[PDB]
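Report on the following structure.
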Amino acid sequence: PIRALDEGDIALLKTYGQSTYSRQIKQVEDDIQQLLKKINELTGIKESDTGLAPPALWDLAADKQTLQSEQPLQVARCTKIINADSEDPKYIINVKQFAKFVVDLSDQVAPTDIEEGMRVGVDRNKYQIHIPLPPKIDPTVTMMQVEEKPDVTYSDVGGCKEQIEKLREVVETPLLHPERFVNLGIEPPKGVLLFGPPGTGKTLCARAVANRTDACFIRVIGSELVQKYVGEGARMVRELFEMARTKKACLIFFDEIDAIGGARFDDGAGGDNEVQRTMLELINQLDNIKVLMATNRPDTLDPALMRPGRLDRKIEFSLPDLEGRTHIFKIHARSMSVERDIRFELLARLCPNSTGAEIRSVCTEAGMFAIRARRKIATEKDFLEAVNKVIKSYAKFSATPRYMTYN
Amino acid sequence: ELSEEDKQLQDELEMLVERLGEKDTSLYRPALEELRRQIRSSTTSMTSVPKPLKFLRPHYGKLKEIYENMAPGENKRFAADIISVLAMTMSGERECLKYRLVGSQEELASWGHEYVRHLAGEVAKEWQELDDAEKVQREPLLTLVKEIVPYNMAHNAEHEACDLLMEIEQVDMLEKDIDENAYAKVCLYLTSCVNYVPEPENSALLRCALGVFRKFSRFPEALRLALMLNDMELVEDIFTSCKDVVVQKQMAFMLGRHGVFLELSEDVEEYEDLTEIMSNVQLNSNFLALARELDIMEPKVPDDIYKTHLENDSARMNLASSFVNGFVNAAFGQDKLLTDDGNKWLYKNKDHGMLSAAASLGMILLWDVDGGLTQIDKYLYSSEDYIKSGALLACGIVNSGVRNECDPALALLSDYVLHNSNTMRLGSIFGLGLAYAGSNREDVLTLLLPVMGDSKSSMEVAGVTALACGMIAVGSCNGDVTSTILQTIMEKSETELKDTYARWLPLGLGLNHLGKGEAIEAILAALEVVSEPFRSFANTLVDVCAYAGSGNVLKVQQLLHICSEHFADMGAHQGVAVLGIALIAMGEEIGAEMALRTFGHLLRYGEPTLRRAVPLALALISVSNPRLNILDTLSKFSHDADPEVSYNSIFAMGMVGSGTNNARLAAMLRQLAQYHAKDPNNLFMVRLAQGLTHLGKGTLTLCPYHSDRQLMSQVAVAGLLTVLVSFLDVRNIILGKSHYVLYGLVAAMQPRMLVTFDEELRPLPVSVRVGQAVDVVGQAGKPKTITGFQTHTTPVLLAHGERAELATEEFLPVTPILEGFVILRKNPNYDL
Amino acid sequence: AXXXXXXXXXX
Amino acid sequence: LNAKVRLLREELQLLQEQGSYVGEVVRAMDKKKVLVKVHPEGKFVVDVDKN
Amino acid sequence: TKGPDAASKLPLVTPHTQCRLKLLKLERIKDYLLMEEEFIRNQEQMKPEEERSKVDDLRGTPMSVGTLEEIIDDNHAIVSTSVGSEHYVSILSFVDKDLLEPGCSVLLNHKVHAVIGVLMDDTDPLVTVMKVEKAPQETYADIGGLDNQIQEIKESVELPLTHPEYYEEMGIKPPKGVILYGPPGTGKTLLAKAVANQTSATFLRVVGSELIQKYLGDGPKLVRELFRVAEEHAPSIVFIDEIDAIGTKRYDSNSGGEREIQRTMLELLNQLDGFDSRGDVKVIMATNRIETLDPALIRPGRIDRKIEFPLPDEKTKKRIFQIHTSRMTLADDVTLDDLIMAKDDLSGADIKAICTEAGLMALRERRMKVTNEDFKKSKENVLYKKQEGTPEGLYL
Ligand SMILES: Nc1ncnc2c1ncn2[C@@H]1O[C@H](COP(=O)(O)OP(=O)(O)OP(=O)(O)O)[C@@H](O)[C@H]1O
Ligand SMILES: Nc1ncnc2c1ncn2[C@@H]1O[C@H](COP(=O)(O)OP(=O)(O)OP(=O)(O)O)[C@@H](O)[C@H]1O
Ligand SMILES: [Mg+2]
Ligand SMILES: [Mg+2]
């Protein structure tokens, strides 16, 4: 018998017992909210300046001139030269998206200046080739190359000396001393595919190779190589590799190859094959240019792209051994305010089967225990408390009641 | 619909209402008795909807009229109770109140808590609607508040109890009804409500809430309020009434921390100790004492502060070098540059550079009339005796924040206040003002009198002169000093006013009238004589000094108008206007945080003159308070194109971070130095900002608020106002010849520490759970006033907005609010 | 086994 | 009859005016400029009528 | 670096008992608000040209927005129209040849395509709504218990912004990226809504399903945009709630649609710790199932602190009750311990339903004061969807 609240009932519930300030106070809160709403609207529109230059560097009189005499020129590409009589060439130009047109030069250009294939500027009206244009420097690809050298040096990469040595004989050694790889005539592996458990040093052994490069290091995002419009993924792959051959001593580093390196499968009923044809435009491309690749999950890579004709070398970044974990530790603790004595060797045996990063968080948590309690020196007792939270706290159950079997 | 119980009750009530149709003898006494039972039974129940009131939807017209005719005696009154109770559910207030007014009395408790409160509201509603035109209605309403208020006191409804009395405009009775278990709830409430309440009720509340603290012998609490009202007489009584010396001792330590001095009669025992405590001679020993435990006795050097290593000797930057070796090492008792090779150091400062460097000598050693005065024995008499003003500021600065029985400031300074050289006098009057700020001593005030009238004195001598007098009589409206200031201000000529330093003359007028908006009506009347612009400018600035910390939205609305206006003689009036909002609104946190939004609007929608004042305005709002939102706001304007805004923003950052050692502010400060390395004016003050952010290695705060941010420090608010307004024109004042004005802050310079001592004054290291303070107002029981607890072993430091509580029940502090030095009385209740 | 499949849209 | 024709004649004139584009306003930009996204084409920094 | 565009929170009014102290404090906020409106409105009214007007005439109306691609000469650049074409437009004088960068979104003249202005702040509407403007209203005092979990989430998102000295004075790098995981209804999102009401840094939010667009590149490109705005706005926290939607365990999917979601995880997995290390952009993920996230997305280095939120303990459940029965009106007989003590796995969202229900069971009997039976009944009425599932009396 859940009696519905009669209108007579409602009137009393809301007035009987009401604190005499209730109607007023609830009024004040309601007034504020509406007042805040109005406050924003009167000022919410904040001017977004549009990048105008200082008043001094203006030529407004001449500016009206450029807009009036000069005209917009569609940028096109000469795909062929008919050379009708060798005196009336009748060039064929591609307007990109507009159409393919058989055009003729405006008198200003020279017949010999427009060589087949070079980007040519046309006029909106008749499409006469008014001006040659510099070859295409991709706005995205050009930003890809690492212009600021990463600060991580090779002394920061610990416990992977044999894996770094194996990489230095494919990415550095055959690029600084191309004489040991010639005497025996061994073809330098022109690419390594770093694989390992997530957080073992794949991209640190990547930034490290960048700090000592002497080359042009291109950091392939993975995201940019998958574009909405069909084909623009492959068009980027070519425009990256093309940007490498032009440079001397270029290194390309495709981090997270899984993004655009998934095992092929017919899914043509969808845009996935768009990405796949971007890889097949990369498989063709791969097979002085060295190529690196990182993949925490190598098993999802196309068998074709892992063959020893494209990725000649496959470096496995395993979990560090004990003599390396005590070294990965000292690398991250060289700047910590630790007490001189810490038995890092001891902290290496408490982090069994622990990666090169979870060792880092043990060093980062160790201080956080030293900051929680106001000690400016991160003593050893903190680390064991650190290794309990970073490694053990998420390692397994393996607990006392079920661990009194091991002694 | 209803049920057998509900439908029958509808009929039973229906029969009773209907039976009153005629005048039968057994219809009025019988029926009204029944309604009395049923209505009483349901209403005096759980919050259950009062079924009698829901069923009873009748009209009282028949019974109201016959009420008069039907037995105007008891039978008449009975009907009133039934109709009155039925009125509270409906909307007949005027009739609803007047029925209990005329109808049967009985007692309020018999009806129900819900009814009682409703009569409470109507009684307050009627009393407010009843003006002084007639008290005949007041006696009945007043009688009602006699009974109802005790009803709330018992029923955990003190909030409504205090609320009920405040509505009536009269809150005396709480004195007689507060129980030993209630004064905390009531006393806390009034202190929290007093700030918001407007004049003059706010003042009346403070004394009343102060009174309640009296009835239960909670003496230290009465102290905090007594100063809040800023009335010395009530302070003197509590001083006199405190038959316990220990409470006498403590209430002097709170009297001292406020900078308040009352001449102690020799009849009061331990007069020297009370005088020495009040004179603040014992402060130096603790401060050095505090340092030894904290291990911060070693002085710092400018180079380490700036950290020249990380970044990728002009006279000016030397001043910034000289200043940083002031504030940073100030009050530590030792500096590594200004105490050993100072003659060498200063000699690379041209005139005003010498003035600044010499003054820092005194600020490097504050609160030591001997050590500093002896650290005041190698420069002042310089071959460029122009620097005499420099040590004179140091001479005056050392005495600032303290009072010595031997009156050193007047002695040394007097012989040179008449010194003909203009620079020699600048240090004299200014330094003297710092030393006796708020003293209001008639002698020094009198001696400063001829300085105003000394025509030979240059204007810069005059502007400091009026400022010096103001800083001495801050917050007292001294008739003699005001007259001297008021008489002096009128005589000023129009041409001589147009200079910047005339901007200081009105400042002195207000500093005399800080905290009293009732008496400033006249002072604004007298100023009307002088011609504009400075008539209007002084009027606004005098207006601001009147309402320092009042929380008066009215004046703020008045002040906001001036800033809102879009006009050069109008911009000085605006600039003081924006700084006006900052000072007025900076009492309550609710308003003060809101002024930030208004400050922000004045910058995006502001104009040249306003945009310069806003960076200063934020400085007063959060002095020594690194609120990230405000510190960020100063930064985004810390690179601004106008030189004035860039400087003011940089100075504001220094104030906001004053003594906080905020790493972010420092890192923010360092990056700015690199950005502005080219411009000496910016680099000087950005370097200065790093100087203010390390005031006393952070062991000091310029915050003008003590006592849980409740007890205002009048002398303090004088200082910050001088530099801040003086910063209203930085280039002529700050960037000009007046680098010394920055020493104006020394008045409010106070320590922030948590040193706990045993009952014998030995440092008693007691676990003190100290964290962000959380209000206990409106929280039932023993609410925790500290959050984000971080147990510190006293002594400890409390960044602004922090409170420390004695985590060990071993001791019962005499004063409830653990700020500054507190006498911990060993708890007799604690048993090991 | 039997696998239901989603799909994107190359513009 | 006049009032009816006026309705018909007016609707003939209004009905020759070209229909307007519909585009999502990404954001206001000043006070007399509002970025819009016309459906088929791309961004446009248009003005705003006086009404 | 535009600086932290922190949320806009009006000060807080406490007391909550609806006492006059409350009305006054709301009035004070209103008074300044009325005053603040006065200045805005009285600034346009009190407030009552030949250089810019010439510029606006050269630009005309409207002005297209395409992507710059090459600065051929000082006064010539190739700009791609909003359709993907190209154009060899002219760079006029008023434009700043400094802000003009390849990839920048340039304002183009409509008739004769010619660079006329550089449109910074072109962040998608799909990521500019991700920014929290009006700060949520649940302060750390509304979250009961969770003192060990709160501190863990206050040493990565609040402290590293207030007292940076501690961390840089010790050699740590403040932990950056915390995975809030636990059973449903424990307080994962409330602790997140509480860091927004205290933080002073731009608090972007997502729902782990917003950043999966249908277009092939729309997905990974929104994530690359969100971490571009968070970095742009200086101190920032990106709260990807229900992260399980995007970052589940990678697998060889025979469905292209599912290979684009993973191509979005492998972007959030590189926009966090990959080449070209991050700046100051903390990330707060939440998830009820930490057992399905990819071992890489929660590998220490991206999600440094895995705050685990267990079902409330007996002491916390008693504090959780009061935080939700603070504004209620309990009768003197309401001794909450009768309900708390039970071994029922009463989550923290269950506690607020045993509060909403016990207050609605009060209206049933026509009472705004909830007695002790109003909780006993409500506990049962609110405790379904979990019935009783356990082993039989096998174990003794
Ligand atoms: N073996 C290691 N030695 C030193 N630092 C390491 C090691 N492994 C991880 N780190 C730390 O973690 C950072 C990044 O880890 P790492 O480069 O292994 O990521 P990753 O392998 O790319 O992960 P994922 O494959 O999931 O993207 C390094 O820059 C370093 O700070
Ligand atoms: N410890 C707690 N203290 C106080 N309230 C709590 C607590 N835990 C949960 N709550 C309440 O839970 C309500 C909603 O739960 P919440 O949003 O925290 O869940 P969640 O972690 O987002 O859950 P889900 O896994 O469903 O996304 C909040 O309104 C809050 O009042
Ligand atoms: Mg990587
Ligand atoms: Mg959630």
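Please note that chains go A, B, ... in the order of the structure tokens, that every chain numbers its residues from 1, and that ligands are numbered from 1 in the order shown.
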
**Request:** Just the helix (DSSP H, G or I) stuff from chain D, please, per backbone DSSP, written as a VMD selection string.
**Result:** chain D and resid 2 to 14

Same residues, C-alpha atoms, saved as a CSV table (one decimal), in the first residue's frame:
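Saved the output as out-v6.csv:
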```csv
chain,number,residue,atom,x,y,z
D,2,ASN,CA,-5.4,42.8,-52.9
D,3,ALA,CA,-4.2,41.3,-49.6
D,4,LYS,CA,-4.2,37.9,-51.3
D,5,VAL,CA,-2.3,39.0,-54.3
D,6,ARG,CA,0.3,40.8,-52.2
D,7,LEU,CA,0.9,37.5,-50.4
D,8,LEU,CA,1.3,35.7,-53.8
D,9,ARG,CA,3.4,38.4,-55.4
D,10,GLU,CA,5.7,38.6,-52.4
D,11,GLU,CA,6.2,34.9,-52.3
D,12,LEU,CA,7.3,34.9,-55.9
D,13,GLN,CA,10.0,37.4,-55.1
D,14,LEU,CA,11.2,35.8,-51.9
```

**Contacts of residue 8 (chain C) within 10 Å, only C-alpha atoms, excl. fewer than 3 positions in-chain, as a PyMOL selection string** = (chain A and resi 228+269-272) or (chain C and resi 11) or (chain E and resi 213-217+255-261)

Restricting it to C-alpha atoms, dump the selection as a compact mmCIF listing (two decimals), in the first residue's frame.
```txt
# COMPACT_ATOMS: atom_id res chain seq x y z
CA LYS A 228 41.37 9.17 -44.13
CA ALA A 269 34.63 -4.29 -47.63
CA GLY A 270 36.06 -1.54 -45.45
CA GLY A 271 38.91 0.92 -45.12
CA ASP A 272 41.29 -1.57 -43.49
CA UNK C 11 36.50 9.13 -47.06
CA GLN E 213 35.98 8.01 -34.72
CA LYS E 214 34.63 6.11 -37.70
CA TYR E 215 37.08 7.51 -40.25
CA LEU E 216 40.31 5.60 -40.77
CA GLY E 217 42.52 8.40 -39.50
CA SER E 255 38.12 -7.33 -38.89
CA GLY E 256 39.36 -4.00 -40.17
CA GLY E 257 37.12 -2.07 -37.81
CA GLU E 258 38.85 -3.60 -34.81
CA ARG E 259 42.27 -2.92 -36.34
CA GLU E 260 41.51 0.80 -36.24
CA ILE E 261 40.65 0.84 -32.55
```

**Gap from CA of residue 10 (chain B) to CA of residue 36 (chain B) - Å, one decimal** = 15.4 Å

**Surrounding residues as a PyMOL selection string, ligand 2, max 9 Å, only C-alpha atoms and all ligand atoms** = chain E and resi 138+141-146+180-193+241-242+286-289+309+311-312+316-317+319-324+347-352

**Request:** Could you give me, as a ChimeraX atom specification, each residue of region 264-296 of chain A that DSSP assigns to strand (DSSP E) when run on this structure's backbone?
**Result:** /A:289-295

Could you dump the residues just selected with C-alpha atoms as a PDB file, in the first residue's frame?
```pdb
ATOM      1  CA  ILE A 289      69.195   4.080 -45.725  1.00  0.00           C
ATOM      2  CA  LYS A 290      68.979   2.118 -42.481  1.00  0.00           C
ATOM      3  CA  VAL A 291      65.570   1.195 -41.050  1.00  0.00           C
ATOM      4  CA  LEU A 292      64.605   0.492 -37.437  1.00  0.00           C
ATOM      5  CA  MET A 293      61.348  -0.875 -36.070  1.00  0.00           C
ATOM      6  CA  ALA A 294      59.961  -1.460 -32.587  1.00  0.00           C
ATOM      7  CA  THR A 295      57.138  -3.836 -31.752  1.00  0.00           C
TER       8      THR A 295
END
```

All residues 7 Å or closer to region 43-49 of chain D, only C-alpha atoms, same chain fewer than 3 positions away omitted, as a PDB file with N, CA, C and O atoms, in the first residue's frame:
```pdb
ATOM      1  N   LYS D  32      32.456  40.315 -34.993  1.00  0.00           N
ATOM      2  CA  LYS D  32      31.922  40.373 -36.346  1.00  0.00           C
ATOM      3  C   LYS D  32      32.534  39.287 -37.222  1.00  0.00           C
ATOM      4  O   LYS D  32      32.716  39.489 -38.427  1.00  0.00           O
ATOM      5  N   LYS D  33      32.875  38.144 -36.633  1.00  0.00           N
ATOM      6  CA  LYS D  33      33.422  37.021 -37.375  1.00  0.00           C
ATOM      7  C   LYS D  33      33.112  35.745 -36.614  1.00  0.00           C
ATOM      8  O   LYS D  33      33.256  35.686 -35.392  1.00  0.00           O
ATOM      9  N   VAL D  34      32.674  34.727 -37.345  1.00  0.00           N
ATOM     10  CA  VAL D  34      32.316  33.458 -36.733  1.00  0.00           C
ATOM     11  C   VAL D  34      32.713  32.315 -37.652  1.00  0.00           C
ATOM     12  O   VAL D  34      32.111  32.121 -38.713  1.00  0.00           O
ATOM     13  N   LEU D  35      33.722  31.552 -37.258  1.00  0.00           N
ATOM     14  CA  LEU D  35      34.145  30.384 -38.013  1.00  0.00           C
ATOM     15  C   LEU D  35      32.989  29.417 -38.192  1.00  0.00           C
ATOM     16  O   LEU D  35      32.285  29.088 -37.232  1.00  0.00           O
ATOM     17  N   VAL D  36      32.787  28.954 -39.420  1.00  0.00           N
ATOM     18  CA  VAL D  36      31.712  28.026 -39.730  1.00  0.00           C
ATOM     19  C   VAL D  36      32.262  26.903 -40.590  1.00  0.00           C
ATOM     20  O   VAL D  36      33.314  27.029 -41.220  1.00  0.00           O
ATOM     21  N   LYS D  37      31.535  25.793 -40.616  1.00  0.00           N
ATOM     22  CA  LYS D  37      31.892  24.638 -41.436  1.00  0.00           C
ATOM     23  C   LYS D  37      30.732  24.329 -42.375  1.00  0.00           C
ATOM     24  O   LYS D  37      29.797  23.612 -42.016  1.00  0.00           O
ATOM     25  N   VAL D  38      30.801  24.874 -43.591  1.00  0.00           N
ATOM     26  CA  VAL D  38      29.807  24.536 -44.597  1.00  0.00           C
ATOM     27  C   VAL D  38      29.963  23.072 -44.964  1.00  0.00           C
ATOM     28  O   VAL D  38      31.080  22.551 -45.036  1.00  0.00           O
TER      29      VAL D  38
ATOM     30  N   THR E  61      35.044  39.253 -47.112  1.00  0.00           N
ATOM     31  CA  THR E  61      34.309  38.212 -46.408  1.00  0.00           C
ATOM     32  C   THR E  61      33.707  37.226 -47.398  1.00  0.00           C
ATOM     33  O   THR E  61      33.141  37.643 -48.417  1.00  0.00           O
ATOM     34  N   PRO E  62      33.802  35.918 -47.146  1.00  0.00           N
ATOM     35  CA  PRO E  62      34.467  35.255 -46.027  1.00  0.00           C
ATOM     36  C   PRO E  62      35.945  35.017 -46.269  1.00  0.00           C
ATOM     37  O   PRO E  62      36.545  35.606 -47.162  1.00  0.00           O
ATOM     38  N   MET E  63      36.555  34.145 -45.473  1.00  0.00           N
ATOM     39  CA  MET E  63      37.984  33.861 -45.557  1.00  0.00           C
ATOM     40  C   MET E  63      38.171  32.369 -45.336  1.00  0.00           C
ATOM     41  O   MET E  63      37.821  31.854 -44.270  1.00  0.00           O
ATOM     42  N   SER E  64      38.712  31.677 -46.330  1.00  0.00           N
ATOM     43  CA  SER E  64      38.813  30.233 -46.246  1.00  0.00           C
ATOM     44  C   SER E  64      39.958  29.830 -45.326  1.00  0.00           C
ATOM     45  O   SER E  64      40.841  30.624 -44.999  1.00  0.00           O
ATOM     46  N   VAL E  65      39.930  28.571 -44.904  1.00  0.00           N
ATOM     47  CA  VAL E  65      40.919  28.026 -43.988  1.00  0.00           C
ATOM     48  C   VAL E  65      41.447  26.725 -44.567  1.00  0.00           C
ATOM     49  O   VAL E  65      40.797  25.681 -44.450  1.00  0.00           O
ATOM     50  N   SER E  82      40.413  23.697 -48.729  1.00  0.00           N
ATOM     51  CA  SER E  82      39.766  22.864 -47.728  1.00  0.00           C
ATOM     52  C   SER E  82      39.242  21.563 -48.321  1.00  0.00           C
ATOM     53  O   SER E  82      38.504  20.829 -47.657  1.00  0.00           O
TER      54      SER E  82
END
```

**Request:** May I ask you to write as a PyMOL selection string all residues lying at most 9 Å from ligand 1, with only C-alpha atoms and all ligand atoms counted?
**Result:** (chain A and resi 152+156-160+194-208+255-256+294-297+317-320+324-325+327-329+331-332+355-361) or (chain E and resi 266+269-270+273-275+277+295-297+299-302)

**Message:** At a cut-off of 10 Å, which residues of chain C touch chain A? Count only C-alpha atoms and give the answer as number ranges by chain.
**Reply:** C: 5-11

**Asked** Pick from D:51, D:22, D:15, D:29: nearest to chain E, with only C-alpha atoms counted?
**Response**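 Of D:51, D:22, D:15, D:29, the one nearest chain E, counting only C-alpha atoms, is D:29.
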
**Message:** Using only C-alpha atoms for the distances, tell me which of A:315, A:73, A:45, A:370 is nearest to chain D.
**Reply:** A:45

**Gap from CA of residue 139 (chain E) to CA of residue 772 (chain B) - Å, one decimal** =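 These atoms are spaced 13.8 Å apart.
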
**Request:** Determine which residues of chain A sit within 10 Å of chain B, taking into account only C-alpha atoms, and present them as a list in words.
**Result:**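 Output check: residues 3, 4, 5, 6, 7, 8, 9, 10, 11, 12, 13, 14, 15, 16, 17, 18, 19, 20, 21, 43, 46, 372, 373 and 374 of chain A.
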
**Expected answer as a PyMOL selection string: chain A residues within 10 Å of chain D, only C-alpha atoms** = chain A and resi 44-50

So that I have them on file, write out the residues from the current selection with C-alpha atoms, as a PDB file, in the first residue's frame.
```
ATOM      1  CA  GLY A  44      32.464  34.304 -23.309  1.00  0.00           C
ATOM      2  CA  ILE A  45      33.434  35.365 -26.827  1.00  0.00           C
ATOM      3  CA  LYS A  46      37.169  35.947 -26.471  1.00  0.00           C
ATOM      4  CA  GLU A  47      38.867  37.478 -29.488  1.00  0.00           C
ATOM      5  CA  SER A  48      41.050  34.998 -31.343  1.00  0.00           C
ATOM      6  CA  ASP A  49      43.616  37.161 -33.121  1.00  0.00           C
ATOM      7  CA  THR A  50      44.416  35.986 -36.618  1.00  0.00           C
TER       8      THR A  50
END
```

**Message:** Applying 7 Å and only C-alpha atoms, which residues near residue 221 (chain B) remain after dropping the ones on its own chain fewer than 4 positions away? List them as a list in words.
**Reply:** residues 213, 225, 815 and 816 of chain B

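The residue that comes closest to ligand 3, out of A:258, A:104, A:365, A:281 and on the basis of only C-alpha atoms and all ligand atoms, is A:258.
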
**Request:** Tell me which protein, DNA and RNA residues are within 8 Å of region 327-329 of chain E, counting only C-alpha atoms, leaving out same-chain ones fewer than 5 positions away, and put them as a list in words.
**Result:**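 These residues fall inside the cut-off: residues 16, 17, 368, 369 and 370 of chain E.
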
Output for the residues just chosen: N, CA, C and O atoms as a compact mmCIF listing (two decimals), in the first residue's frame:
```
# COMPACT_ATOMS: atom_id res chain seq x y z
N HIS E 16 25.98 24.17 5.76
CA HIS E 16 25.01 23.53 4.85
C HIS E 16 23.69 23.34 5.58
O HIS E 16 22.72 22.90 4.94
N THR E 17 23.65 23.66 6.87
CA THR E 17 22.44 23.42 7.69
C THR E 17 21.34 24.41 7.31
O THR E 17 20.30 24.41 7.99
N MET E 368 9.57 13.36 6.73
CA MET E 368 10.85 13.88 6.26
C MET E 368 11.97 13.56 7.23
O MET E 368 13.10 14.00 7.04
N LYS E 369 11.67 12.80 8.28
CA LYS E 369 12.67 12.31 9.22
C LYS E 369 12.72 10.79 9.09
O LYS E 369 11.73 10.11 9.38
N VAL E 370 13.86 10.27 8.65
CA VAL E 370 14.01 8.85 8.37
C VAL E 370 14.36 8.13 9.66
O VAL E 370 15.39 8.42 10.28
```

**Request:** At a cut-off of 7 Å, list the chain E residues touching chain B, using only C-alpha atoms, as a list in words.
**Result:**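 Therefore, the residues near the partner are residues 11, 15, 17, 19, 20, 21, 24, 25, 28, 29, 31, 32, 35, 36, 39, 42, 43, 46, 47, 163, 164, 165, 200, 366, 367, 368 and 369 of chain E.
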
**Request:** Give as a PyMOL selection string every residue of chain E that touches chain D within 10 Å, counting only C-alpha atoms.
**Result:** chain E and resi 60-66+81-84+105+107-108+110+119+122-126+128

Next, the residues of the selection above should be written as a compact mmCIF listing (two decimals), in the first residue's frame with N, CA and C atoms.
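The file below, selection-v1.txt, is the result:
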```
# COMPACT_ATOMS: atom_id res chain seq x y z
N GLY E 60 38.31 40.86 -47.08
CA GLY E 60 36.94 40.66 -47.51
C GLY E 60 36.26 39.58 -46.70
N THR E 61 35.04 39.25 -47.11
CA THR E 61 34.31 38.21 -46.41
C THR E 61 33.71 37.23 -47.40
N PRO E 62 33.80 35.92 -47.15
CA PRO E 62 34.47 35.25 -46.03
C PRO E 62 35.94 35.02 -46.27
N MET E 63 36.56 34.14 -45.47
CA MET E 63 37.98 33.86 -45.56
C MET E 63 38.17 32.37 -45.34
N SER E 64 38.71 31.68 -46.33
CA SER E 64 38.81 30.23 -46.25
C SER E 64 39.96 29.83 -45.33
N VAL E 65 39.93 28.57 -44.90
CA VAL E 65 40.92 28.03 -43.99
C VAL E 65 41.45 26.73 -44.57
N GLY E 66 42.62 26.79 -45.18
CA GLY E 66 43.29 25.60 -45.69
C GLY E 66 44.61 25.42 -44.99
N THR E 81 43.65 23.98 -50.39
CA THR E 81 42.29 24.41 -50.12
C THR E 81 41.60 23.38 -49.24
N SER E 82 40.41 23.70 -48.73
CA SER E 82 39.77 22.86 -47.73
C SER E 82 39.24 21.56 -48.32
N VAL E 83 39.62 21.26 -49.56
CA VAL E 83 39.09 20.10 -50.25
C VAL E 83 40.21 19.11 -50.55
N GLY E 84 41.45 19.52 -50.30
CA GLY E 84 42.60 18.71 -50.64
C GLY E 84 43.30 19.10 -51.92
N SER E 105 47.23 26.30 -40.02
CA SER E 105 45.98 26.55 -40.72
C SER E 105 45.90 28.03 -41.09
N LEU E 107 44.51 31.48 -43.06
CA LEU E 107 43.32 32.16 -43.57
C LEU E 107 43.59 32.63 -44.99
N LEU E 108 42.71 32.27 -45.91
CA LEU E 108 42.88 32.56 -47.32
C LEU E 108 41.81 33.50 -47.82
N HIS E 110 39.10 34.87 -50.37
CA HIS E 110 38.12 33.99 -51.00
C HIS E 110 38.17 34.09 -52.52
N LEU E 119 45.47 30.98 -38.58
CA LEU E 119 44.40 30.65 -37.64
C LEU E 119 44.93 29.68 -36.60
N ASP E 122 42.93 26.09 -33.72
CA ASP E 122 42.00 25.43 -34.63
C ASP E 122 41.70 24.02 -34.13
N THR E 123 41.84 23.83 -32.82
CA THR E 123 41.59 22.52 -32.23
C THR E 123 40.15 22.10 -32.49
N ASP E 124 39.99 20.85 -32.88
CA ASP E 124 38.70 20.32 -33.30
C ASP E 124 37.62 20.70 -32.30
N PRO E 125 36.38 20.84 -32.73
CA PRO E 125 35.28 20.93 -31.76
C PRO E 125 35.17 19.66 -30.96
N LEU E 126 35.71 18.56 -31.50
CA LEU E 126 35.65 17.26 -30.84
C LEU E 126 36.65 17.11 -29.72
N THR E 128 37.89 20.35 -28.23
CA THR E 128 37.65 21.57 -27.47
C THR E 128 36.40 21.49 -26.62
```

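Every protein or nucleic acid residue with an atom no more than 9 Å from residue 227 (chain E), counting only C-alpha atoms and leaving out same-chain residues fewer than 2 positions away, appears here: residues 222, 223, 224, 225, 229, 230, 231, 232, 238, 268, 271, 272 and 281 of chain E.
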